Amino acid sequence: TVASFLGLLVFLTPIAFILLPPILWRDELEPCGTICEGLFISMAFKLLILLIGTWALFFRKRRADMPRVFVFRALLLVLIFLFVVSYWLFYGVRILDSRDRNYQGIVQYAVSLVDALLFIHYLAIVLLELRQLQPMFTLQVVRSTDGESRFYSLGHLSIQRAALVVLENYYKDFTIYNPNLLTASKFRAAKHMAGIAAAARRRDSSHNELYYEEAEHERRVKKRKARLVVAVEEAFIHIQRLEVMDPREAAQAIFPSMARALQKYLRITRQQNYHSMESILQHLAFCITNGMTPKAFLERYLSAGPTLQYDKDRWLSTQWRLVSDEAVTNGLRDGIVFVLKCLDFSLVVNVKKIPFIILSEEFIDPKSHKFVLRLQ
Amino acid sequence: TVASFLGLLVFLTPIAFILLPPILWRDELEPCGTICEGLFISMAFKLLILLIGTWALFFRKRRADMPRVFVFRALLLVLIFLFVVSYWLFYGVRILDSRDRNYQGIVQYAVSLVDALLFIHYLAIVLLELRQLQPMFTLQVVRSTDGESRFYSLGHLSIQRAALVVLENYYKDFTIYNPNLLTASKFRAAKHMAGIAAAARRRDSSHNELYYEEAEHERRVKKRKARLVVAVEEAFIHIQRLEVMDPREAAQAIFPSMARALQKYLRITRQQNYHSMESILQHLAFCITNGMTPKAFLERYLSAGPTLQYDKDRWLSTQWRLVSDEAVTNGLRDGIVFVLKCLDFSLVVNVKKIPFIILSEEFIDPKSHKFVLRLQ
Amino acid sequence: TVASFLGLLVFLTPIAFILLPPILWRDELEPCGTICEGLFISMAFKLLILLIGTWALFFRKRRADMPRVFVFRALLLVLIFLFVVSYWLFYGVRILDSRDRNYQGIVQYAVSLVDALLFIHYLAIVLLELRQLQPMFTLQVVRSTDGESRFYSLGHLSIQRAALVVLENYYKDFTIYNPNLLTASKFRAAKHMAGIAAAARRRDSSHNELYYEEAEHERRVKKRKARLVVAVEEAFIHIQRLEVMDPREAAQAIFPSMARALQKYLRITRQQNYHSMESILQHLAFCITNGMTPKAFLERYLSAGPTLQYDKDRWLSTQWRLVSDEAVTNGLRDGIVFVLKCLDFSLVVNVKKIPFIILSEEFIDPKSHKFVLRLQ
């Protein structure tokens, strides 16, 4: 490809510095003997170390598209470019033009290249995933719609990288965005639109419709939940492990005995747009295959669940928008607020400094853990 | 031991390369002078760095037994073996057989050994705990019995190492496996065994025994909980901090005033097989010692709690079984499912790829945060 | 400053070893030519790598004051001190006093210094944030007042560093210490003070005041919650996005229509000492600015929330006290208990070993996932 070709070039630069003096002036080399080969072996082993490490932490596809440029990867690529181009400049101007003797020195130059390129690899790991290991900041991430709030420690990251960690943890941790669960508030607001301290006072003196409606809805949800549990238990008890059929046909055989209760529960919890019949049968054959209980099958459907339980078209990984007052390549600090906007909701994230903590020993003597039967 | 002896050998290989030319041919060395000693000091300091780092990240007992071989540790041991054996081969064939001059070069060979062995240490850290720092995959871990589900980001790990991280997080995070809490479903299923769309329809039209039984059981659990809270509060108020007695005798003195309520609560929550009287007295003296409140004592007993709250024979760390369709030394990828089976339950873990995320700036002007008093 | 001056000294030590032979004996140098410059370039690039890495992971303010000395940072500073002082000792005794020839060797000495100082940087990262990456221990952290309990995996850390990670996670994860929520128990205990197995038996036979009082308080809290939700929904619907006013004046305009319900809810949940009117208006203008819903505004006020949601004087980062039976510089092990005492509560933390886990393959054939329609 493109980056792999440049990786091959930067990997073959030491070998190119080594092989050319024997090719271009074979008779002109001074006899190295033992030191040159004892150096070649260290060169080869360090290049193998470099290849294994570069495979381990850089032979991978890009993780995300970021709004501005990645500062640290651009810094590393510029460093590698000036590094390799300067070494070629010195090897062409001061080695190839002069057709130098004492080839052992050329071998030290190549091994210095290998050492410094290993330290470039080490600096790359330092900049990319070792700089944010120490949890310097805390990020409160709140959805703008239902207000689900979670905190996360991060290190010294830019707003871009912190936002991407926030999104990783969003798809992991936050429950999936359900706009249906948001409709009631909207209608209530609109109903107040259909119809300042004293006016609020009269609202308190009025009938709290919301309390009793929420209690009745909770009662209905628990009723549908118990119906669903009984239905799924009977439906799993209708098949024995041991006509012989695969778990797909077993799921299709036992599904009509749970389908109506599950439909009613997903409509009473407004989750019917998140579980297609095909997906329910897929997860059902999954649970039948892996020997799970009715409750283990059903816990996907009881609670809302995070975004990664659901289908791939359900999460819109492509349309996230980072809204920051400052440049998003700037690092995190205390008090900054950035907002990760999706199509209908937004992750309002405010960053606070984890405070400076002072500890001090006080010595509690195990002789001081005496106790008496008297009252206190 | 065995591995420590090989560690001593790999640590003394440079010192063995250094000390032998003065021993085996003392008069034949060319005078080094300043450079050789200025090299010895760098050698010694780098070997001290190597010793400190190897102690810091490798002087520790094995963490877990894995089904197949650890790929990366075997790769590192093979690398060290070929590394050291090749250096001995070169030192024996091309240095000892020829009884070489210019001892400074022998010192560079030894320092190249030290440098490359430091980079082997660095590659070992790269392969072992720096390769999975970047959270590449997400793992949904569901118990097969009660369906408790948690997500975890992992990096590029094999199925073995990912499964072991899943087990670490299982003993940390998931509530402890309580088969008693599973009995009711079983009996209900068996009761349906004692006695297809229309037949389910008639189930919906029937009396939902489960809803009212769950509500009544919840009521009973809350009643027992309040009894237990009052009991433990009175029992802690029966002793003053200040006959003088240790917290063990204080726990034994105040336990009979909480014992019956705690027994009834642990039987109504089916937790009586997880708290022995000796363990309750131990935790009670622990709470009396550390000045905890009745609620701080009681929160261990109110909720189910994870597996590591309990006794050591309670968690069966030895009998875990990794069930994967492919080889467990293969790395994680999107869509693979592996199952960690214990004696009665199983952690069904499916691995998904954290999706490719695209961010883009949109600029919200603080001039655009204007607002009016009119309704919307 | 002080540490920056020593950093400048340790950064200029190689440059000081290089520049002095041309200054102090200019005519006495043997001609180096190509090797010396091809070495200088590697020196400069490795020093640039060192500068970037030292900026990335050490140019930062101190994170916390610890009771005893930090063992690893003191070890690293002692290592750097003996390192640099020994190199100056060799450069003064064996190089400057003798006014040596073969300047290439001086350049190798300086580059060995740069290499070993890069490995000191690497050892510093190994000791500081790579030693605890592997989750060796689990820490149960329980507050002594309300008993909120969370587990955390840590690596090989000292009691000091583990306690500071526990405090980072305390301000992140645990709900904020509310002594008002603790008053009821105290009064109940005192009431029992105002007035042993049979006496507890009679307590069970008595009226459970706590159950019905908790149920009635829960009912009141839900009532106030629904009042508050309706109030905040109407108050947000009173302003349109589009007299033109900033979100501060919008918050002040819509606040009197939610103020009484919010005051009643914060008094019924005993959160009135944690939200000042100024803070409520600040968060209100924050929610109006970022386009959040009434529920997104209100979720800060509904639940208790962790400590970092609140004001900076609310968390007393300065007065934490580490109580350990052993030395706090000792590393974690199985069974140790340390207590982090604040002004009124204490984080009782007990450390357990994550158990030794044995895995083994068992092969479940996809041919063995057959199923039949018969009952089980």
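Which numbered condition in (1) at the interface with another protein chain (Cβ under 8 Å from one of its Cβ atoms); (2) over 30 Å from C:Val107 (Cβ atoms) is the only one that B:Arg94 fails?
Evaluating B:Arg94 over (1) at the interface with another protein chain (Cβ under 8 Å from one of its Cβ atoms); (2) over 30 Å from C:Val107 (Cβ atoms) leaves (2) as the failure.
Is there a residue in the stretch B:348-366 that is buried (at least 20 other Cβ atoms within 10 Å of the Cβ), within 14 Å of chain C (Cβ to nearest Cβ) and within 17 Å of B:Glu148 (Cβ to Cβ)?
Yes, the stretch B:348-366 has at least one match.
Is it the case that A:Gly331 is within 8 Å of chain B (Cβ to nearest Cβ), of a type in the set (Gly, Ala, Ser) and under 33 Å from the mean Cα position of the chain (by Cα)? Before you say what the answer is, go through the steps one by one.
Working: within 8 Å of chain B (Cβ to nearest Cβ): no; of a type in the set (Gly, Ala, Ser): yes; under 33 Å from the mean Cα position of the chain (by Cα): yes.
Here the answer is no, as A:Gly331 does not meet what is asked.
Take the stretch B:15-30 and flag every residue that is in a helix (DSSP H, G or I) and under 14 Å from B:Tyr103 (Cβ atoms). Let's see the steps before the verdict.
Going through the stretch B:15-30, the residues in a helix (DSSP H, G or I) turn out to be B:15-24.
Residues satisfying the conditions are B:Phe17, B:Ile18, B:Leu19, B:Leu20, B:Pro21, B:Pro22, B:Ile23, B:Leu24.
Within the bounds of the stretch C:169-187, is there any residue that is facing chain B (nearest Cβ under 7 Å), of a type outside the set (D, E, K, R) and in a helix (DSSP H, G or I)? Write out each step before concluding.
First pass over the stretch C:169-187, keeping only residues facing chain B (nearest Cβ under 7 Å): C:185.
After this cut, where a residue has to be of a type outside the set (D, E, K, R) as well, the list is C:185.
Those left that are additionally in a helix (DSSP H, G or I): C:185.
So far as the stretch C:169-187 goes, yes, one or more of its residues are facing chain B (nearest Cβ under 7 Å), of a type outside the set (D, E, K, R) and in a helix (DSSP H, G or I).
Restricting attention to the stretch B:100-108, does a residue exist that is touching a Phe, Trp or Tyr at 6+ places or on another chain (Cβ under 7 Å), under 14 Å from A:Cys36 (Cβ atoms) and either among the hydrophobic types (A, V, I, L, M, F, W, C) or assigned to a helix (DSSP H, G or I) (or both)?
Yes.
Please go through the stretch B:122-131 and pick out each residue that is more than 7 Å from every other protein chain (Cβ to nearest Cβ) and crowded, with 21+ Cβ neighbours inside 10 Å. Reasoning before the result, please.
Keep residues of the stretch B:122-131 that are more than 7 Å from every other protein chain (Cβ to nearest Cβ), which gives B:124, B:128.
Listed by number, the list holds a single entry, B:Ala124.
Considering only the stretch B:205-310, give the helices (runs of 4 or more DSSP H) lying wholly within it that have at least 3 residues that are touching a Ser or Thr at 6+ places or on another chain (Cβ under 7 Å). Give the steps one after another, and end with the answer.
Values: elements: B:209-237, B:247-254, B:259-268, B:277-289, B:294-302.
The qualifying helices (runs of 4 or more DSSP H) are B:209-237, B:294-302.
Hey, among A:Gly147, A:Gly92, which residue is small (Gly, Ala, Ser), farther than 20 Å from A:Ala3 by Cα, assigned to a loop (DSSP other than H, G, I, E, B) and over 20 Å from the mean Cα position of the chain (by Cα)?
Working: A:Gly92 fails: assigned to a loop (DSSP other than H, G, I, E, B).
On inspection, the qualifying residue turns out to be A:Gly147.
Report yes if A:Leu340 is surrounded by fewer than 13 Cβ atoms within 10 Å (Cβ to Cβ), farther than 23 Å from C:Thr329 by Cα and at the interface with another protein chain (Cβ under 9 Å from one of its Cβ atoms), otherwise no. Walk me through it before giving the result.
Details: surrounded by fewer than 13 Cβ atoms within 10 Å (Cβ to Cβ): no; farther than 23 Å from C:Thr329 by Cα: yes; at the interface with another protein chain (Cβ under 9 Å from one of its Cβ atoms): yes.
No.
Residue by residue through the stretch C:253-268, note down the ones that are surrounded by fewer than 17 Cβ atoms within 10 Å (Cβ to Cβ) and more than 13 Å from chain B (Cβ to nearest Cβ). Give the derivation first.
First, pick out the residues of the stretch C:253-268 that are surrounded by fewer than 17 Cβ atoms within 10 Å (Cβ to Cβ): C:256, C:263, C:267.
Listed by number, the residues that qualify are C:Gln263, C:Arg267.
Every residue in the stretch B:227-252 that is within 7 Å of another protein chain (Cβ to nearest Cβ) and more than 16 Å from A:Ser368 (Cα to Cα), please.
Of everything in the stretch B:227-252, those that are within 7 Å of another protein chain (Cβ to nearest Cβ) and more than 16 Å from A:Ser368 (Cα to Cα) turn out to be B:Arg227, B:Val229, B:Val230, B:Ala231, B:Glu233, B:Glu234, B:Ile237, B:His238.
Pull up the stretch C:367-376, narrow it to residues that are assigned to a loop (DSSP other than H, G, I, E, B) and in contact with a helix residue (DSSP H, G or I) (Cβ under 7 Å, 6 or more places away or on another chain), then point me to the one that is surrounded by the fewest Cβ atoms within 10 Å (Cβ to Cβ). Explain how you work it out, then say what you get.
Start the filter on the stretch C:367-376 by keeping residues that are assigned to a loop (DSSP other than H, G, I, E, B), which leaves C:369-370, C:373-376.
Add one more test, that the residue is in contact with a helix residue (DSSP H, G or I) (Cβ under 7 Å, 6 or more places away or on another chain), and what stays is C:369, C:373, C:375-376.
Numbers: C:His369: 16, C:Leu373: 14, C:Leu375: 11, C:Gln376: 14.
For the stretch C:367-376, the residue satisfying everything is C:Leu375.
In the stretch C:168-199, how many are within 37 Å of the chain's Cα centre (by Cα), loosely packed, with under 15 Cβ neighbours inside 10 Å and charged (D, E, K, R)?
Count: 1.
Give the number of residues within the stretch C:311-323 that are surrounded by 18 or more Cβ atoms within 10 Å (Cβ to Cβ) and more than 8 Å from every other protein chain (Cβ to nearest Cβ).
0
Here are the criteria: (1) over 30 Å from A:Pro256 (Cα atoms); (2) out of contact with any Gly (no Cβ under 6 Å at 6 or more places or on another chain); (3) surrounded by 13 or more Cβ atoms within 10 Å (Cβ to Cβ); (4) of a type in the set (A, V, I, L, M). Tell me which single one B:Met277 does not satisfy.
The single condition B:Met277 does not satisfy is (3).
Answer with yes or no whether C:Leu77 is assigned to a helix (DSSP H, G or I) and under 33 Å from the mean Cα position of the chain (by Cα).
Values: assigned to a helix (DSSP H, G or I): yes; under 33 Å from the mean Cα position of the chain (by Cα): yes.
Yes: the conditions hold for C:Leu77.
Would you mention how many residues in the stretch B:73-108 are over 20 Å from B:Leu12 (Cβ atoms), surrounded by fewer than 18 Cβ atoms within 10 Å (Cβ to Cβ) and not aliphatic (A, V, I, L, M)?
Result for the stretch B:73-108: 7.
Among the residues of the stretch A:214-221, is any surrounded by 17 or more Cβ atoms within 10 Å (Cβ to Cβ) and either within 12 Å of chain C (Cβ to nearest Cβ) or closer than 19 Å to A:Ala184 by Cβ (or both)?
Residues of the stretch A:214-221 surrounded by 17 or more Cβ atoms within 10 Å (Cβ to Cβ): none.
Looking through the stretch A:214-221, none of the residues is surrounded by 17 or more Cβ atoms within 10 Å (Cβ to Cβ) and either within 12 Å of chain C (Cβ to nearest Cβ) or closer than 19 Å to A:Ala184 by Cβ (or both).
Is it the case that some residue within the stretch B:129-143 is assigned to a helix (DSSP H, G or I) and closer than 24 Å to A:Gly291 by Cα? Outline the logic, then answer.
Of the stretch B:129-143, the ones assigned to a helix (DSSP H, G or I) are B:129-130.
Subset that is closer than 24 Å to A:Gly291 by Cα: none.
The answer is no, given that none of the residues of the stretch B:129-143 is assigned to a helix (DSSP H, G or I) and closer than 24 Å to A:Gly291 by Cα.
Condition check: more than 41 Å from the chain's Cα centre (by Cα), surrounded by 13 or more Cβ atoms within 10 Å (Cβ to Cβ) and either more than 15 Å from C:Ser144 (Cα to Cα) or more than 11 Å from chain B (Cβ to nearest Cβ) (or both). Does C:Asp204 satisfy that?
Numbers: more than 41 Å from the chain's Cα centre (by Cα): yes; surrounded by 13 or more Cβ atoms within 10 Å (Cβ to Cβ): yes; either more than 15 Å from C:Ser144 (Cα to Cα) or more than 11 Å from chain B (Cβ to nearest Cβ) (or both): yes.
Yes.
Tally up the residues in the stretch B:41-69 that are surrounded by 14 or more Cβ atoms within 10 Å (Cβ to Cβ), more than 7 Å from chain C (Cβ to nearest Cβ) and not in a helix (DSSP H, G or I), please.
Qualifying residue count for the region: 2.
Only one residue in B:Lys312, B:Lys353 is touching a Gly at 6+ places or on another chain (Cβ under 9 Å) and of a type outside the set (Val, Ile, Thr), so which one is that? So that I can check it myself, show each step before the final result.
Details: B:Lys312 fails: touching a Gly at 6+ places or on another chain (Cβ under 9 Å).
Just a single option satisfies the conditions, and that option is B:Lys353.
Testing B:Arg227 on (1) under 20 Å from B:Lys295 (Cβ atoms); (2) surrounded by fewer than 20 Cβ atoms within 10 Å (Cβ to Cβ), one condition comes back false. Which one is that?
(2)
What tally of residues in the stretch C:150-168 results from selecting those that are part of a strand (DSSP E or B), of a type in the set (A, V, I, L, M, F, W, C) and at the interface with another protein chain (Cβ under 7 Å from one of its Cβ atoms)?
Here is the first cut: in the stretch C:150-168, the residues part of a strand (DSSP E or B) are C:150-154, C:158.
Still in the running and of a type in the set (A, V, I, L, M, F, W, C): C:151, C:154.
Still in the running and at the interface with another protein chain (Cβ under 7 Å from one of its Cβ atoms): C:151.
Counting residues in the stretch C:150-168 that are part of a strand (DSSP E or B), of a type in the set (A, V, I, L, M, F, W, C) and at the interface with another protein chain (Cβ under 7 Å from one of its Cβ atoms) gives 1.
Heads up, the Cβs are rebuilt from the backbone with ideal geometry, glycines too, and the neighbour counts pull from every protein chain shown. Read-outs: derived from the displayed coordinates by stated rules, not from any lab.
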